[PDB]
Amino acid sequence: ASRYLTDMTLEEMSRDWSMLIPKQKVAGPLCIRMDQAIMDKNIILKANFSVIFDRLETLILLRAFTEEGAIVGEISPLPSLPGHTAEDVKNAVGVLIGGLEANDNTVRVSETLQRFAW
């Protein structure tokens, strides 16, 4: 039975959001979205992962938040894909980070993601 470990509240995970200037691009088996309008902000990446034998398994959802809690980025798995690897996830995360930093934002990652990296 798969459980889930998440950095986010129910509301943070279910909130609808839209991008002022949309960008949506596939990175491997994952969909990355980011608001290209966002600049000079401190941004935090938060994730929900399935958990299997006390081990972080697959990425269910990642969202990027400004300090005011505005969603400015997202990583979702492609629904039609059988699955993804850890490397796939880390690749997608790096792509999002690069995109946000290309717009002069400082990006940090949650405790959960910092562990997933290794």
# chains A, B, ... in the order shown; residues from 1 in each chain; ligands from 1

call {"tool": "select_by_dssp", "arguments": {"residues": "segment 16-116 of chain A", "states": "strand (DSSP E)", "output": "PyMOL selection string"}}
result
chain A and resi 22-27+30-35+42-51+56-65+71-77+106-109

call {"tool": "atom_distance", "arguments": {"atom1": "atom CA of residue 45 of chain A", "atom2": "atom CA of residue 61 of chain A"}}
result
10.5 Å

call {"tool": "residues_around", "arguments": {"residues": "segment 30-43 of chain A", "least_positions_apart": "5", "cutoff": "8 Å", "atoms": "only C-alpha atoms", "output": "number ranges by chain"}}
result
A: 19-25, 64-67, 72-78, 88-89, 92, 96, 99-100, 103-108

call {"tool": "write_last_selection", "arguments": {"atoms": "C-alpha atoms", "output": "PDB file, in the first residue's frame"}}
result
ATOM      1  CA  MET A  19       0.538  31.687 -14.868  1.00  0.00           C
ATOM      2  CA  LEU A  20       0.633  35.392 -15.751  1.00  0.00           C
ATOM      3  CA  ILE A  21       3.051  34.448 -18.550  1.00  0.00           C
ATOM      4  CA  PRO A  22       2.648  30.665 -19.087  1.00  0.00           C
ATOM      5  CA  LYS A  23       5.492  28.298 -19.849  1.00  0.00           C
ATOM      6  CA  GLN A  24       4.843  24.547 -20.037  1.00  0.00           C
ATOM      7  CA  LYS A  25       7.565  22.134 -21.134  1.00  0.00           C
ATOM      8  CA  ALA A  64       6.992  26.243  -6.231  1.00  0.00           C
ATOM      9  CA  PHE A  65       5.838  28.998  -3.873  1.00  0.00           C
ATOM     10  CA  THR A  66       6.856  32.614  -3.381  1.00  0.00           C
ATOM     11  CA  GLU A  67       7.176  33.950   0.180  1.00  0.00           C
ATOM     12  CA  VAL A  72       4.677  30.047  -9.560  1.00  0.00           C
ATOM     13  CA  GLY A  73       5.749  26.609 -10.738  1.00  0.00           C
ATOM     14  CA  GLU A  74       4.710  22.988 -10.865  1.00  0.00           C
ATOM     15  CA  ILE A  75       6.000  19.555 -11.783  1.00  0.00           C
ATOM     16  CA  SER A  76       3.474  16.802 -12.497  1.00  0.00           C
ATOM     17  CA  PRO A  77       3.959  13.282 -13.877  1.00  0.00           C
ATOM     18  CA  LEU A  78       2.670  12.626 -17.392  1.00  0.00           C
ATOM     19  CA  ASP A  88      13.886  11.636 -14.042  1.00  0.00           C
ATOM     20  CA  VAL A  89      12.552  13.516 -11.032  1.00  0.00           C
ATOM     21  CA  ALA A  92      12.945  17.814 -13.891  1.00  0.00           C
ATOM     22  CA  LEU A  96      12.634  24.117 -13.066  1.00  0.00           C
ATOM     23  CA  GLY A  99      14.189  28.385 -15.342  1.00  0.00           C
ATOM     24  CA  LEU A 100      13.443  30.267 -12.131  1.00  0.00           C
ATOM     25  CA  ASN A 103      14.695  35.130 -13.992  1.00  0.00           C
ATOM     26  CA  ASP A 104      16.795  36.266 -11.011  1.00  0.00           C
ATOM     27  CA  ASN A 105      14.896  34.259  -8.397  1.00  0.00           C
ATOM     28  CA  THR A 106      16.613  32.504  -5.497  1.00  0.00           C
ATOM     29  CA  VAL A 107      15.366  28.929  -5.214  1.00  0.00           C
ATOM     30  CA  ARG A 108      15.441  26.653  -2.187  1.00  0.00           C
TER      31      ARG A 108
END

call {"tool": "select_by_dssp", "arguments": {"residues": "segment 68-111 of chain A", "states": "alpha helix (DSSP H)", "output": "MDAnalysis selection string"}}
result
chainID A and resid 86:101 111

call {"tool": "write_last_selection", "arguments": {"atoms": "C-alpha atoms", "output": "PDB file, in the first residue's frame"}}
result
ATOM      1  CA  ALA A  86      14.551   9.085  -9.421  1.00  0.00           C
ATOM      2  CA  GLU A  87      16.922  10.533 -11.994  1.00  0.00           C
ATOM      3  CA  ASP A  88      13.886  11.636 -14.042  1.00  0.00           C
ATOM      4  CA  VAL A  89      12.552  13.516 -11.032  1.00  0.00           C
ATOM      5  CA  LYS A  90      15.909  15.145 -10.180  1.00  0.00           C
ATOM      6  CA  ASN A  91      16.334  16.102 -13.824  1.00  0.00           C
ATOM      7  CA  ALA A  92      12.945  17.814 -13.891  1.00  0.00           C
ATOM      8  CA  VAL A  93      13.654  19.633 -10.621  1.00  0.00           C
ATOM      9  CA  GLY A  94      16.929  20.999 -11.985  1.00  0.00           C
ATOM     10  CA  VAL A  95      15.201  22.227 -15.129  1.00  0.00           C
ATOM     11  CA  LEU A  96      12.634  24.117 -13.066  1.00  0.00           C
ATOM     12  CA  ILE A  97      15.354  25.576 -10.838  1.00  0.00           C
ATOM     13  CA  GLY A  98      17.282  26.732 -13.895  1.00  0.00           C
ATOM     14  CA  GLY A  99      14.189  28.385 -15.342  1.00  0.00           C
ATOM     15  CA  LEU A 100      13.443  30.267 -12.131  1.00  0.00           C
ATOM     16  CA  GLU A 101      17.059  31.348 -11.666  1.00  0.00           C
ATOM     17  CA  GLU A 111      13.729  19.102   3.535  1.00  0.00           C
TER      18      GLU A 111
END

call {"tool": "atom_distance", "arguments": {"atom1": "atom CA of residue 58 of chain A", "atom2": "atom CA of residue 16 of chain A"}}
result
22.4 Å

call {"tool": "residues_around", "arguments": {"residues": "segment 13-15 of chain A", "least_positions_apart": "6", "cutoff": "10 Å", "atoms": "only C-alpha atoms", "output": "ChimeraX atom specification"}}
result
/A:6-7,46-48,61-63,71

call {"tool": "write_last_selection", "arguments": {"atoms": "C-alpha atoms", "output": "tab-separated table (two decimals), in the first residue's frame"}}
result
chain	number	residue	atom	x	y	z
A	6	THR	CA	4.36	15.83	1.52
A	7	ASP	CA	5.67	19.30	2.34
A	46	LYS	CA	7.64	21.63	-2.09
A	47	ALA	CA	6.80	18.06	-3.04
A	48	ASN	CA	4.47	15.14	-2.41
A	61	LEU	CA	3.37	16.60	-7.33
A	62	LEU	CA	5.81	19.44	-6.88
A	63	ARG	CA	4.86	23.10	-6.56
A	71	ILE	CA	2.22	29.20	-6.81
